[PDB]
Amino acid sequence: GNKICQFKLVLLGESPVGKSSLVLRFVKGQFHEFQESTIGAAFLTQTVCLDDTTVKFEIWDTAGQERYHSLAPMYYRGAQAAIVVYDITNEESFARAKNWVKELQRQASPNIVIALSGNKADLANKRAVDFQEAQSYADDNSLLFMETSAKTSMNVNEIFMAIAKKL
């Protein structure tokens, strides 16, 4: 197809849960066991083929530390979609993700598409958040949920493409 679409996506979530790794896997097909903590935010782009459309993603990878919380609106205000990330081995990060979802529902665009990534799914032997519980939470809050692994690539391209399909 010759159609072209571009949308703004922001990633939010506690640090560290693998936010930068998720983006790096999607954008560069890389995974770094040793990642420097993000300072403020990082910007990345990726262009893909979705049926008959060429879709370009403008992605804001936010630093998740609480001291950066006040800067989050700079990145989500104009966002068409968000991926709120948690780590499936860390229940506290899952609770933090629900608070990010609440903030987006109240302060971001009313039509923003919100995805929820239960990351580090390759560490299921250390699971702290039940898949079905997360799925139910996502269903009840109209969120696009998938467990992902930046380390193995599991569902990484899939969650980004699913968001694009719904925009």
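Sequential numbering from 1, following the sequence displayed.
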### Given 92 to 100 and 68 to 76, the range whose Cα B-factors average higher in the PDB entry
68 to 76
### Summary
Of 133 to 141 vs 48 to 56, the stretch with the larger average CA B-factor in the entry is 48 to 56
### Query
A108: which third of its chain by C-alpha temperature factor?
lowest
### Summary
So, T62's CA B-factor, relative to its chain, sits in which third? The middle
### Summary
Of the three thirds of the chain ranked by Cα temperature factor, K126 occupies the middle
